[PDB]
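The listed protein sequences correspond, in order, to chains A and A'. A prime marks a further copy of an entry chain.
Position one of the first sequence corresponds to residue 1 (the entry's author numbering), numbered consecutively onward.
Position one of the second sequence corresponds to residue 1 (the entry's author numbering), numbered consecutively onward.
All C-beta atoms, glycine included, are put in the ideal place defined by N, C-alpha and C.
What follows is a single structure, written as structure tokens, with notes after it.
Number of protein chains: 2
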Amino acid sequence: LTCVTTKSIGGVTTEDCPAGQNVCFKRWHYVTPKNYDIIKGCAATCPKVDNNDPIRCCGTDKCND
Amino acid sequence: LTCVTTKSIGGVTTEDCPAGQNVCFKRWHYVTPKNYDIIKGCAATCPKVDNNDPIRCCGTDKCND
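Here's what the structure looks like:
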């Protein structure tokens, strides 16, 4: 699986998820009531959200664009 | 190869692994000393485990049930 990934040093690439990570996610992390950062990448499961951040989890290549 | 797969949005289906992915895995991911989530799917190799999560890797259809 290839997911769009937010570079650890900012920016965005594409990355083949390590074996066992079959979920791409796109999370709109709200830093303020109006501002958010989008985090994208590979994961083993859809990341747990308990702060109501919208999240998109999918299992197809670059589905988290 | 057809592996049991945990849906990216929760749940479980069956999926034909993409070409080059000949391993089904079932990982009991421990979130707490008593609680765990089971992750299942296709992989190119048996996923690396360094946190002692039990893992089952096999190469036959739905062997990771």
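Worksheet item: Along chain A, which residues have their Cβ under 7 Å away from the Cβ of residue 43 of chain A'?
Response: 19, 20
Practice prompt. Rounded to whole angstroms, what's the CA-CA distance from residue 18 of chain A' to residue 42 of chain A'? Just pull it up for me.
Written response: 8 Å
Worksheet entry | Nearest-angstrom beta carbon gap, residue 14 of chain A and residue 23 of chain A [assumed within contact, 8 Å] | 15 Å between Cβ atoms; not a contact.
Fill in: is_contact[residue 3 of chain A, chain A'] using C-beta, thresh 7 Å
no
Fill in: Other residues of its chain near residue 47 of chain A': CB distance less than 8 Å, five sequence neighbours each side excluded
25, 27, 55, 57
Discussion item. Counting only beta-carbon separations shorter than 7 Å, does residue 66 of chain A have a partner in chain A'?
Written reply: Past the edges of chain A, shown from 1 to 65, lies residue 66 of chain A, and the structure says nothing about it.
Worksheet item: Which whole-angstrom value is the C-beta distance of residue 39 of chain A and residue 6 of chain A, which I expect to be below 8 Å?
Response: 5 Å
Worksheet item: Since residue 33 of chain A' meets chain A, which of its residues come closer than 7 Å, beta carbon to beta carbon?
Response: In chain order: nothing, as chain A lies at least about 18 Å away.
Practice prompt. Check each candidate in A:53, A:59, A:63, A:64 and name the one with the smallest Cα separation from residue 32 of chain A.
Written response: A:53
Practice prompt. On a CA-only basis, which of A:29, A:35, A:49, A:45 is nearest residue 30 of chain A'? Give me that one, please.
Written response: A:45
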